[PDB]
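# how does the following fold in three dimensions:
(chains A, B, C, D, E, F, G and H)
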Amino acid sequence: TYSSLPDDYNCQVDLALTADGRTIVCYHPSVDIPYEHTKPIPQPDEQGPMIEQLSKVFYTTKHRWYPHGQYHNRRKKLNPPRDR
Amino acid sequence: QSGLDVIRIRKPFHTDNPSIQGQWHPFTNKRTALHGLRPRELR
Amino acid sequence: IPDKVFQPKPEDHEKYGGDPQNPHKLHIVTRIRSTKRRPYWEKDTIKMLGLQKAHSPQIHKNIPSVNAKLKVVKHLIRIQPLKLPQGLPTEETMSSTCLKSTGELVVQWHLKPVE
Amino acid sequence: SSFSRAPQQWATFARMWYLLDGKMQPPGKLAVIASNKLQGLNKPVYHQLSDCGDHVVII
Amino acid sequence: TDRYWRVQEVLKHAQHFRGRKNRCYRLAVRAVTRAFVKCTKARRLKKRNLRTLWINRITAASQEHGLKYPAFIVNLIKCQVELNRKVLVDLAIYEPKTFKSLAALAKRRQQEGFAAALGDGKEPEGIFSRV
Amino acid sequence: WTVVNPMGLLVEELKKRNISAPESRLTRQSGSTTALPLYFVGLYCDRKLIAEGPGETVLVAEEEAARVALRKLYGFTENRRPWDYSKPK
Amino acid sequence: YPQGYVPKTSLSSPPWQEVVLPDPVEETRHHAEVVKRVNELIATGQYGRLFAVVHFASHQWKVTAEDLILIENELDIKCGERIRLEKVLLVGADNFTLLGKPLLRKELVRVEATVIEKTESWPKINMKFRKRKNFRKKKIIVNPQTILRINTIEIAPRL
RNA sequence: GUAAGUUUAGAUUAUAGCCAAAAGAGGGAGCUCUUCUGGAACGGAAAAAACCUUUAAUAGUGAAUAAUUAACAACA
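Residues are numbered from 1 along each chain as shown, chains lettered A, B, ... in the order given. Below is the structure in question.
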């Protein structure tokens, strides 16, 4: 119980001091879930209403789905920047 | 100077390997239970 | 304020770790407040002492003339006694000097962790 | 680790459902916790524009 | 004879404006200056927001492991750890295993720190509290 | 490299190595009945988890988990040692 | 009931819970034992991608192989010339990490990077707020810049 | 401690403040006067020209601080 935090969720944290004493060594191997502690995969195999249905599915507001005018539509940047 | 354009750079850091130990997700650090029982399950 | 404040007592000596004999020679003073909105006499004294920039160390002599000047600006400065644990630096060691936050000026800087 | 990009994004940005019992509990203290969970402030990568709020159930 | 180009200088910055402002030099010039000044003021305030964002993310990551942000920072300071807040956010996001090790290290120092504070210094300094 | 049918390919490698086919299990579950369900499926070989993947459906998670295993099989872990361009030799 | 005994109640006990640390002698053995296992791990080279935190200028940069770092100033170093970073406080592996106190020994860690480009920053508009501002009271900056590419990170089992 | 000063010659500019806070005087509330001191954030007191923290201004995805609305029924 040298580790000050529970080691059962993410990884086994082992804290150590090097011989010189000016360094701290941490060993963190991951922990896998026990087979017993998991379930097996399940073996058995209109305009107005449209906005309301869209709002209900995604828990969003109806105002989001209404269109916008030509002015803002043209302003949208056609080339979002993505590197790698 | 290089041929690269001189304009505002959004981020001063570029890496192709952002994560080494894995990207955090909510299920990380969450403990399981025997049989993987879901909450409130009578069984 | 009574004049006893500037007349030290044995209890005060122990609290601040100052020996009643061999009085300290040099003062360390830093400006901790702005002179804006302060009367002209306060402004003039600060400029004379050279504490134009705040948080800037200034070394002053612990002499009656300087002590009177420091007293006028006492509220805007922090006073610490400079200490020479290794004594005055030499010409050769003048380049190795370093002033610690404790108020001690070492004449040799070795760049080694005290730890 | 080593997960595919799109599944990795889905898992991190997923929203969770939480259950709260209010029996003999001060609503304000629950509200403070509920606000934290609802707004998504419980996540390490919380961002104002990420819409990372979580479902909260109070009984 | 360059008055047209002087207007173009104002207009080129005002091409993206909306309304009569984009086509009136009297209004276009005022808008261009106002736009530039707004950016200048935000530059100083922009840095402060970034630190606030980093601190907020750290607290959530620390709270995810059950550690308060102030407690985590103080214990790291006691350990002479000088990692900046921006790097701390990256470690939690990209090194969750390391962050837990950091979380365990801070908690262990906190336990040692509490013991040291209760001890009053009479007890020998702990292994993790040794400098 | 384009790999289709990752589950079949994963099984094919395992039989070649004389390893038992992993038993798929639902490690984690969230929002099952909602329109945005999240399923974690872990491949358990000899009751030991070899790879886990997230998916919107159990099938997707199993497919993603298979892909993760294939990378592990061929030593393509996200944490694998980077290639080195510095060597002058 | 012993003298000075207080029955446990809401206010008799503190909200915080006392903890007991392990005995120092065995604790050092665990500390030494863990180091020996890690020393073997370093010797066996059982690690892949590594991340190292390096402090340069007034900034701390978490670094990995092939990373690109930009410094907002000139460096006086020719492009394509490898340089060694001397300020590293932390280096991490897949299953272990090392922490400096406050810095790692130069022997343990050597980090080298190459200079890519010398450039100046994009123009930055400075205009102070004032009554009757006028249009000519504006300044540009284009602060110098430099580009660095991480090349290699070297470690040895010198614990 | 510090670096200006005295004299001679030429020459203008300026010759109307504002508000706070002190010290007085008429007065007995508050008013009415006179005198001394201080001020013109990019922070804070809510919005606050005049109060508090604040030596200038340069880029930076650094760091330590300052001031910074908040306080924890009565019986002998």
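# show me the residue at the heart of chain E, geometrically.
The centre of chain E sits closest to residue E:51, judged by C-alpha atoms, centre = their mean, with a distance of 1.7 Å.
# should've said chain D
residue D:54 (3.3 Å).
# contacts only, for that residue.
D:15, D:16, D:17, D:18, D:37, D:38, D:40, D:42 (C-beta atoms under 8 Å, 6 or more residues apart in numbering or on different chains). The C-beta positions use only the backbone N, C-alpha and C, and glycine is treated the same way.
# show me which residues of stretch F:14-34 are buried.
F:14, F:22, F:23, F:24, F:25, F:26, F:27, F:28, F:29, F:30, F:31 (16 or more other C-beta atoms under 10 Å in any protein chain shown).
# quick revisit: buried ones from the contacts of residue D:54, can you make that a ChimeraX selection?
Those of the contacts of residue D:54 that count as buried under 16+ other C-beta under 10 Å are selected in ChimeraX with:
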select /D:15,16,37,40,42
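# format the contacts of residue D:54 as JSON lines; extra columns: secondary structure.
Shown next, in JSON lines, are the contacts of residue D:54 (DSSP: H, G, I helix; E, B strand; the rest coil):
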{"residue": "D:15", "secondary structure": "coil"}
{"residue": "D:16", "secondary structure": "coil"}
{"residue": "D:17", "secondary structure": "strand"}
{"residue": "D:18", "secondary structure": "strand"}
{"residue": "D:37", "secondary structure": "helix"}
{"residue": "D:38", "secondary structure": "helix"}
{"residue": "D:40", "secondary structure": "coil"}
{"residue": "D:42", "secondary structure": "coil"}
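# which among the contacts of residue D:54 are in contact with chain E?
residue D:42 (C-beta under 8 Å from any C-beta of the partner chain).
# widest-spaced pair of the buried residues of stretch F:14-34?
Largest separation among the buried residues of stretch F:14-34 by C-beta to C-beta: F:14 and F:31, giving 31.9 Å.
# for residue E:95, give its distance to residue E:83.
For residue E:95, the distance to residue E:83 (C-beta to C-beta, to the nearest Å) stands at 11 Å.
# swap in residue A:50?
For residue A:50 relative to residue E:83 (C-beta to C-beta), the value is 51 Å.
# got it, and residue G:120?
Residue G:120 is 30 Å from residue E:83, by C-beta to C-beta.
# now for residue E:20: which residues touch it?
Applying C-beta under 8 Å, 6+ apart, one finds that residue E:20 lies in contact with residue E:27.
# so who does residue F:73 touch?
Residue F:73 neighbours (C-beta under 8 Å, 6+ apart): F:10, F:13.
# next one: phi and psi at it?
Here is the backbone geometry of residue F:73 (degrees, to the nearest 10): phi -60, psi -50.
# what helix or strand does the most centrally placed residue in chain G sit in?
Nearest to the geometric centre of chain G sits residue G:53, at 2.8 Å (C-alpha atoms, centre = their mean). If you go by DSSP states H and E, residue G:53 is part of strand G:51-56.
# and that strand, what's buried?
In strand G:51-56, counting by 16+ other C-beta under 10 Å, buried: G:51, G:52, G:53, G:54, G:55.
# give me the distance from the next helix or strand after that strand to the chain's centre.
Remark: after strand G:51-56, the chain's next helix or strand is strand G:59-63, criterion DSSP H and E. Its chain's C-alpha centre and that of strand G:59-63 lie 6 Å apart, by C-alpha atoms, centre = their mean, to the nearest Å.
# quick one: strands adjacent to the first helix or strand past strand G:59-63 going along the chain?
For strand G:59-63, the following helix or strand on the C-terminal side (DSSP H and E) is strand G:68-71. Using DSSP bridges, the strands paired with strand G:68-71 in its sheet are strand B:13-14 (antiparallel), strand G:144-155 (antiparallel).
# tell me which of residue G:120 and residue E:83 has more neighbours.
With neighbours defined as other C-beta atoms under 10 Å in any protein chain shown, residue G:120 and residue E:83 compare such that residue E:83 has more, 19 against 15.
# which ones are touching that one?
Per C-beta under 8 Å, 6+ apart, neighbours of residue E:83: E:76, E:91, G:53, G:60, G:89, G:90.
# closest one to RNA strand H out of those, please.
RNA strand H lies nearest to residue G:60 out of those, by C-beta to the nearest atom of the strand, at 6.3 Å.
# rewinding a little: okay, the strands paired with strand G:68-71, which one's buried deepest?
strand G:144-155 (a mean of 18; mean count of other C-beta atoms under 10 Å in any protein chain shown).
# now check that one, is it near RNA strand H?
No - Strand G:144-155 stays clear of RNA strand H (C-beta under 7 Å from any atom of the strand), getting no nearer than 8.4 Å.
# off-centre distance for stretch G:35-47?
With C-alpha atoms, centre = their mean, you get 22 Å for stretch G:35-47.
# is that stretch anywhere near chain A?
Yes - under the criterion of C-beta under 8 Å from any C-beta, chain A is reached by stretch G:35-47 at G:35, G:37, G:38, G:41.
# who are the contact partners of the spatially closest residue to residue F:62 that is not a sequence neighbour?
Excluding its sequence neighbours, the residue lying closest to residue F:62 (C-beta to C-beta, 6 or more residues apart in numbering or on different chains) is residue F:41, at 4.7 Å. By C-beta under 8 Å, 6+ apart, the contact list for residue F:41 reads A:41, F:24-27, F:52-53, F:55, F:58, F:61-62, F:64-65.
# please tabulate these in a markdown table, including the columns secondary structure.
As requested, those are arranged in a markdown table below (three-state DSSP):
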| residue | secondary structure |
| --- | --- |
| A:41 | coil |
| F:24 | strand |
| F:25 | strand |
| F:26 | strand |
| F:27 | strand |
| F:52 | strand |
| F:53 | strand |
| F:55 | strand |
| F:58 | helix |
| F:61 | helix |
| F:62 | helix |
| F:64 | helix |
| F:65 | helix |
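# what count of nearby residues applies to whichever residue of chain B sits closest to RNA strand H?
For chain B and RNA strand H, the shortest gap (C-beta to the nearest atom of the strand) falls at residue B:11, measuring 3.8 Å. For residue B:11, the count of nearby residues is 8 (other C-beta under 10 Å).
# distance check, it against residue F:12.
In terms of C-beta to C-beta, residue B:11 sits 43 Å off from residue F:12.
# still on that earlier bit, and which of the contacts of residue E:83 is nearest residue B:38?
For these, the nearest to residue B:38 is residue E:91 (32.1 Å; C-beta to C-beta).
# just the element for the closest one, please.
Here residue E:91 sits within helix E:85-94, counting by DSSP H and E.
# do the same with residue A:73
helix A:70-75.
# need the nearest residue in space to residue C:86, chain neighbours excluded.
Counting by C-beta to C-beta, 6+ apart, the residue nearest residue C:86 is residue C:107, at 4.6 Å.
# could you list the buried residues of stretch D:6-22?
Buried residues in stretch D:6-22 (16+ other C-beta under 10 Å): D:7, D:8, D:10, D:11, D:12, D:14, D:15, D:16.
# kindly report the same for stretch G:136-146.
Buried-residue list, stretch G:136-146, by 16+ other C-beta under 10 Å: G:145, G:146.
# try stretch A:35-48
Residues A:35, A:38, A:39, A:41 are the ones in stretch A:35-48 that count as buried (16+ other C-beta under 10 Å).
# how about the residues of chain F near chain G?
Residues of chain F lying near chain G (C-beta under 8 Å from any C-beta): F:77, F:78, F:79, F:80, F:81, F:82, F:84, F:85, F:86.
# just the buried ones from those?
F:77, F:78, F:79, F:80, F:82.
# regarding chain E, what is its longest helix?
The longest helix of chain E (DSSP state H) is helix E:25-64.
# hang on, the earlier thing: so how far is residue E:86 from the residue of chain B closest to RNA strand H?
Relative to residue E:86, and taking C-beta to C-beta, residue B:11 is found at 12 Å.
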